[PDB]
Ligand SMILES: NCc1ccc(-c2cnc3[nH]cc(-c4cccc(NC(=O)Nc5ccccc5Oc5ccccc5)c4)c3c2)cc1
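Have a look below at one chain only, the form deposited without the named molecule, in structure tokens format.
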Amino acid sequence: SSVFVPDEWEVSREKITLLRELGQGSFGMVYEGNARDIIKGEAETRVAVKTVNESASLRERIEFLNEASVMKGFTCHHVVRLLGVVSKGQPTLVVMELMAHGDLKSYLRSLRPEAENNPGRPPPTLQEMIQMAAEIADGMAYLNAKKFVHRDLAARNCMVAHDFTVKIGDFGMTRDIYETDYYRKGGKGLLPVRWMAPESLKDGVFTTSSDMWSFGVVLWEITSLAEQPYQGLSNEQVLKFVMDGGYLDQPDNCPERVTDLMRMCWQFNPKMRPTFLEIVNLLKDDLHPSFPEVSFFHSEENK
């Protein structure tokens, strides 16, 4: 059932130029490209362009476009957004905003003291960490408001803009440089075990509450510059540790307010964990002045 985006979201094919491949997405390759006159005030804009694999069935091709129509309804400064779609002709293209600094996991790793790709920037300050935290929690609040359960929130699944704003978004690369971030629990499916709440591991259920747990892990990744959670434990060990009530070690030289927030996320009982809106409420008093201008939290949409 092909459901198409509004006229405003259709992009003339001639306005998109694919430049190089960024990597694999759920339906196929993702490319970095240029889109002309796609954003007001900009003659050209760097974008990420998704396509469906040429081996995909018609059904999968239709599903690829229908998903873009869904993603079209996710409009929040703290969520990577759909800029447009070339639905007519082959191949169909879903144009997404390109985050200048890529995913958060790779960005954090580049900030390490001896990283070869170190931007010449210092690891995030307390202030920047709290800002990132509120942006992530805010985008997740928006998504949860849309009844979306991420199921794989992690720094690898967040992206960094040119001004360092962190947004919820990923192309669909479970298998990538981060394949090791997933494990076939019981020889079954690939699960992001080191990011999963104890109840998800034990019963396979995922909720916004399990998303909150993962959010705590993301905060932890910011503090550790994205080390592997429970790096000293094997996948099997992580399963037992976490199901037994274990959680990550409180980061060093980090305020009680922050570590406590992390501890709340890691509450064993999902019911005891904060909601994403509560997370933002908790950090709202010390954020960049633009925050109220763009957050779902301070929006008329937060109902």
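Take the two forms, find the largest set of C-alpha atoms that superpose within 1.5 Å, and that set is the rigid core. Numbers follow the displayed sequence, beginning with 1.
Unshown form solved in complex with the named molecule; subsequent notes refer to it.
- Steric access to the site is blocked in the shown form: after superposition of the site C-alphas, the named molecule as positioned in the entry with it bound has three or more atoms within 2.4 Å of backbone or C-beta atoms.
- For a residue to qualify, one of its non-hydrogen atoms must sit within 4.5 Å of the named molecule in the entry with it bound; all three of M99, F148 and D170 qualify.
- This chain appears without its partner; in the entry with it bound, the one residue of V30, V238, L248, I38 with a heavy atom within 4.5 Å of the named molecule is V30.
- The single contact residue among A134, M159, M212, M196, judged by any heavy atom lying within 4.5 Å of the named molecule in the entry with it bound, is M159.
- The named molecule is not shown here, but in the entry with it bound it comes within 4.5 Å of a heavy atom of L22.
- Looking at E67, you'd find a heavy atom of it within 4.5 angstroms of the named molecule in the entry with it bound.
- Heavy atoms of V80 reach within 4.5 Å of the named molecule in the entry with it bound, making it an interface residue.
- The named molecule in the entry with it bound is approached by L143, whose closest heavy atom lies within 4.5 angstroms of it.
- Only one of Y107, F171, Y178, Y230 has its C-alpha shifted by 2 Å or more between this form and the one not shown once the core is superposed, and that residue is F171.
- Comparing the forms between this form and the one not shown on their rigid core, the Cα displacement of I38 reaches 2 Å or more.
- The rigid-core alignment places the CA of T275 less than 2 Å apart between this form and the one not shown.
- Residue displacement note: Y247 has its CA displaced by under 2 Å between this form and the one not shown (rigid core superposed).
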